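Trainee: below you'll find the sequence and an experimental structure to go with it.
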Amino acid sequence: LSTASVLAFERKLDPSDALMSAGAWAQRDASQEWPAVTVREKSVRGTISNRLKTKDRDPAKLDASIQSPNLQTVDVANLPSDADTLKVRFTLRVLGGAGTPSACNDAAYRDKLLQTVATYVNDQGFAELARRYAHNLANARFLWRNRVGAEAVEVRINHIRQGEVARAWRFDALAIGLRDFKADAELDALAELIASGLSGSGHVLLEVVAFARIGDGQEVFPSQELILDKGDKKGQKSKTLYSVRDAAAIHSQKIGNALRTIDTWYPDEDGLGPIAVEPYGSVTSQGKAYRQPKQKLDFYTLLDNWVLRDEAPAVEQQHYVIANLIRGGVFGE
Amino acid sequence: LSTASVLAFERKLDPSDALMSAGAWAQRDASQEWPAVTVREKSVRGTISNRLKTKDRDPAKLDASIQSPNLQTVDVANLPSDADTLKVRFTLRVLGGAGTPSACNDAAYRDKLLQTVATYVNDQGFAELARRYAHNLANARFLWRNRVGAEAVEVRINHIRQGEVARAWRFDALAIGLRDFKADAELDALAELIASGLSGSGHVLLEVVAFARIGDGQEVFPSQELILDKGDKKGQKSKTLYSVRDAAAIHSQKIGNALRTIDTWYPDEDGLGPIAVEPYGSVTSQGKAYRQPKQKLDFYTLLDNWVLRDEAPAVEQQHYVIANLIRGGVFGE
Amino acid sequence: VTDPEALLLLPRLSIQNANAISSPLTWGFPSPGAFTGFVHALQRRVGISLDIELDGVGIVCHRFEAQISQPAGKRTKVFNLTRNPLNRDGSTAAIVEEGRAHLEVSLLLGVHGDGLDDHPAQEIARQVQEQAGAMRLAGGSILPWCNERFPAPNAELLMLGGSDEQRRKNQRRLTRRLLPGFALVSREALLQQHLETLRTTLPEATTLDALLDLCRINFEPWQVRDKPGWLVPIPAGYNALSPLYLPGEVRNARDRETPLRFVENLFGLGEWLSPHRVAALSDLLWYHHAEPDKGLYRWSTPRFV
RNA sequence: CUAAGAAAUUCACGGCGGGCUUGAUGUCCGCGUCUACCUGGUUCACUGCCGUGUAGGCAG
């Protein structure tokens, strides 16, 4: 048995964009008509503060290079000057049916894959992965730089069946730590909801709302567009920020990046934090790929040796591989 | 060991845009309902007063240039005709964790950098840096030209724990000199609070309000925007001022430039007062770079000697390097 | 291409990050072939457990927003991209580009099955929208509840039911749920009409629609042309460029049970219309019709005009 | 079974300095707006109303 030349998994835990809107704390219980946070523009006269290449280090070139400064237009999102709380609201849905590929050549490989996944699920549920997902919703990973130095963060999650709230949660994103996945009764209840959703056993639709008290008029950090082509350096805008309709927002792929941060099993150190579940599991901020294929902890290696060759890995690497199948991916030769 | 190819620090001392409002002194205590300072327009014609390049210095061409129309439209911000005090209110967060980068390739480099910054924070506080930063809040450096020629400036700083004031300071920005980092009691209390913010030992949020007594109808100075030049007949706008929802305003980075003007240790002088903390610390108005790299007091030279090769520089240059890390910036090659 | 016995209004659907490329020669609203494949996917996964037959689809597109930018002096536009994860050595990834957009579409589904009498209309409508809320429509997620998802109930309506006054009355009561909408139809015959008009020089059909989504500034003896409608170029199906292969012959296919042929897509024309200008609603629906011995695979709105 | 299935753009920044927009002026002449009308439940099976309690003298 060889691998399928076409392997493709559709993602579960599909989030939306998170709109940002602002108001005052202690009125966050009625935070339904809060005004949004608008992206504006401002000017930047900068200066030269780069590392020079030890050949352009003469004093005359430095003086003549700060004669003509660096003039830019950036985008900024701010709180209004009489509101100190940032409401960030999005909806997460938990699909379920997480072992079934969305494109597979070999019908024998798909049968062996589904036997492997159902053997996993009966030998141990989705409880570990859903409690780690429940943590990354219960603290505020999806508030990326909006979380740093805030003094009070509150997360409100609502499960939704129809036009009605099935069950409400109110977490505290600073007591629930960023590193140690400690257990809790409400985390176990919400984790059982997520693990019911991931196994194809119910309709799970969450509504994730987080409030962050930062200060009147302070700066918030919506996500930033990736633009390659800009103007001719005079009228160009060096920093664009994301916005769905007249409201500064965060992309859905980086909220999904925040939910995926589970991987405490990469062979360097769990003391350096969980990383995002990826194949070749790699961190863009670190610029470095943990979990190399020259070791044997890569997703391709573990999946091929656990489906084809029946070399079942450790239980933690099973959690890693099922986290990749929940993530999605377009694999193959 | 070498430098990481990517280093990036996020800024601490993160201020907001200052908004301007106007009213009467000794109604100064009730400055909560003061109306804003509106950016307005007026028309301008000037005459020929630049230098001439000796080929336009013929008399008939000069008189033909003087008979030409030279109109354009400018933005102005003035106080009202019955208001002589400018109010300038912003907020400020001090975050701390001021040596941890946010994007670092080389894991050995960031370990030795954290050892070095932790050595600094061990044997010295953030005491001198918070003393200097609390000076530049205690006087009114953030009132740039608005302070120039004012007869009475005072500053009111409120530390904010919840929607509530923990402690209030009230200074006298003209008695607190623009040069001498002197000694005071309430200023040392503010320096202890800012040093506890920079060290990571508490939540620091400030409400910095400054009142400059200027005169009835006199001109105030918001920070100026950036417009592109075209050849419009009879005057395109030649000057745009920055504003928020119909209120004249100062950019946040200009206030932040005023707050990190703590550097008296550059090799040129210290009777010339403090300059702002920049890598190879340059003044844009004076057009030259103090602290050149070839006279080895540059931030990059000091940081390479002190992290890679353990050459601890002089104590004051260590204050400079840590002030660059509190500044933030895009470091690495 | 059967006539519909009913219509099903999936009332209001926010779509998260759809595919705004549609062809090698368009960039706007996604291809209607995606909508035909979506309704066929609903026909597969729930359309047989209710003994029904979902064929037509009526595109509405209330609100549109694409993730584009014009780069500061340039007159054209570029797309906003995403960071992909790093390479195997953690260097960087090769960038391919994908346009992404946000749709707010409403779907009108034609129903043909014999199960329209065995089931109540609200159960059919509830199960269809409850299944479609877990699917995707142009490569883009179909969004759940938002600030104003108040018209959450789906509605089902049999077009044959009642008198002529009753049919047209209930039609114009449906059109009150397509309020800022703009239906998308196919206008192939107008493409052939304008080609037969200006076929003096070049009767190539690429030049024809390449000179229709435009402003045509004619000069002095300026009389720019008048727009008959909102004519936009669409992709309109596929045409083959290879002899068809057996299910085992083509290397790296999506399966080994279906025949694969390499094709080229086939550009067309259609124009956006308000839901008042259309006569009925059964003429508005998109259908897929293929001639498999030849390579003509296409979709259109048959029986519109 | 949808040009199908996958996705972190990031950090940091001083836009400043100056200025005379002026001079002059005819808005004029003329005109048909008429024609007709019920605000009438108890503007409460009720406000003040033997018992607020399907029982009652109750500006009925």
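Mentor: Sure thing, it's come through. Residues are numbered from 1 along each chain as shown, chains lettered A, B, ... in the order given.
Trainee: can you show me the helices along chain A?
Mentor: A:59-67, A:107-123, A:127-138, A:185-198, A:252-259, A:299-307, A:315-327 (DSSP state H).
Trainee: what's the closest of those to residue B:165?
Mentor: Across those, residue B:165 has its closest neighbour in helix A:127-138 (32.0 Å, C-beta to C-beta). From N, CA and C alone the C-beta is placed, and that goes for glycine too.
Trainee: got the contact list for that closest one?
Mentor: Residues from elsewhere that reach helix A:127-138 (C-beta atoms under 8 Å, 6 or more residues apart in numbering or on different chains): A:13, A:92, A:142, A:155, A:157, A:171, A:173, A:176, A:181, A:183-184, A:186-188, A:190-195, A:198, A:206, A:208, A:258-262, A:319, A:322-323, A:326.
Trainee: now residue C:103. Nearest residue, chain neighbours left out?
Mentor: Nearest non-adjacent residue to residue C:103, counting by C-beta to C-beta, 6 or more residues apart in numbering or on different chains: residue C:15, 3.9 Å away.
Trainee: and that neighbour, what element?
Mentor: strand C:6-19 (DSSP states H and E).
Trainee: what's the following helix or strand after that strand?
Mentor: Moving toward the C-terminus from strand C:6-19, the next helix or strand (DSSP H and E) is helix C:32-45.
Trainee: list the buried residues in that following helix.
Mentor: Buried residues in helix C:32-45, defined by neighbour count with 16 or more other C-beta atoms under 10 Å in any protein chain shown: C:32-39, C:41-43.
Trainee: including distance to RNA strand D, could those residues go into a markdown table?
Mentor: Listed next are these as a markdown table, based on distance: C-beta to the nearest atom of the strand, whole Å:
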| residue | distance to RNA strand D |
| --- | --- |
| C:32 | 8 |
| C:33 | 4 |
| C:34 | 3 |
| C:35 | 7 |
| C:36 | 7 |
| C:37 | 2 |
| C:38 | 4 |
| C:39 | 9 |
| C:41 | 4 |
| C:42 | 8 |
| C:43 | 8 |
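Trainee: please name the nearest non-neighbouring residue to whichever residue of chain A sits closest to RNA strand D.
Mentor: Closest residue of chain A to RNA strand D, C-beta to the nearest atom of the strand: residue A:46 (2.2 Å). Distances taken as C-beta to C-beta, 6+ apart put residue A:70 closest to residue A:46, at 3.9 Å, once the chain neighbours are dropped.
Trainee: ok, now which ones touch the one you found?
Mentor: By C-beta under 8 Å, 6+ apart, the contact list for residue A:70 reads A:44-48.
Trainee: give me phi/psi at residue A:91?
Mentor: Residue A:91 adopts backbone torsions of phi -120, psi 130, taken as degrees, to the nearest 10.
Trainee: and for residue C:295?
Mentor: Dihedral angles (degrees, to the nearest 10) for residue C:295: phi -100, psi 20.
Trainee: make sure it is actually in contact with residue C:239.
Mentor: Yes. Counting by C-beta atoms under 8 Å, residue C:295 does reach residue C:239; the two are 5.3 Å apart.
Trainee: joint contacts of those two?
Mentor: residue C:263.
Trainee: give me the more crowded residue out of those two.
Mentor: Per other C-beta atoms under 10 Å in any protein chain shown, whichever of residue C:295 and residue C:239 has more neighbours is residue C:295, with 20 against 14.
Trainee: which residue packs closest to that one, ignoring adjacent ones?
Mentor: With C-beta to C-beta, 6+ apart, the residue lying closest to residue C:295 is residue C:240, at 2.3 Å.
Trainee: show me the contacts for residue A:287.
Mentor: B:5-6, B:103, B:105, C:86, C:90.
Trainee: ok, so what distance separates the residue nearest to it when sequence neighbours are not counted from residue C:93?
Mentor: Computed as C-beta to C-beta, 6+ apart, the closest residue to residue A:287 that is not its neighbour in sequence is residue B:105, at 4.5 Å. In this view, residue B:105 and residue C:93 are 17 Å apart by C-beta to C-beta, to the nearest Å.
Trainee: what about these two, which has more around it?
Mentor: residue B:105 (18 against 11).
Trainee: ok, the more buried one - contacts?
Mentor: Residue B:105 makes contacts with A:286-288, B:4-6, B:332, as judged by C-beta under 8 Å, 6+ apart.
Trainee: restrict those to the buried ones and give me that as a ChimeraX selection.
Mentor: The following ChimeraX line selects those of these that are buried, judged by 16+ other C-beta under 10 Å:
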select /A:286,287,288 /B:4,6,332
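Trainee: and residue C:191, what element?
Mentor: helix C:188-197.
Trainee: with just CA atoms, put that helix into CSV.
Mentor: Listed next in CSV are the C-alpha coordinates belonging to helix C:188-197 (Å, rounded to 0.1, in the frame of the first residue of the first chain):
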residue,chain,number,x,y,z
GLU,C,188,-25.9,34.8,-24.8
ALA,C,189,-28.2,35.9,-27.6
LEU,C,190,-27.3,39.6,-27.1
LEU,C,191,-23.6,38.6,-27.5
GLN,C,192,-24.5,37.0,-30.9
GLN,C,193,-26.7,40.0,-31.7
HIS,C,194,-23.9,42.6,-31.1
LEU,C,195,-21.5,40.3,-33.0
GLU,C,196,-23.8,40.2,-36.0
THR,C,197,-24.0,44.0,-35.7
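Trainee: list the buried residues of that helix.
Mentor: Buried, per 16+ other C-beta under 10 Å, within helix C:188-197: C:188, C:190-191, C:194-195.
Trainee: again with stretch A:132-145
Mentor: A:132-144.
Trainee: domains of chain A?
Mentor: Domain segmentation of chain A under curated CATH domains yields A:1-10+A:98-125+A:262-333, A:11-97+A:126-261.
Trainee: report the distance from the last one to the chain centre.
Mentor: If you compare the mean C-alpha spot of domain A:11-97+A:126-261 with that of the full chain, they lie 9 Å apart, counting by C-alpha atoms, centre = their mean, to the nearest Å.
Trainee: ends of it, how far apart?
Mentor: 15 Å (C-alpha to C-alpha, to the nearest Å).
Trainee: can you name the two of the contacts of residue B:105 that sit furthest apart?
Mentor: A:288 and B:332 (14.1 Å).
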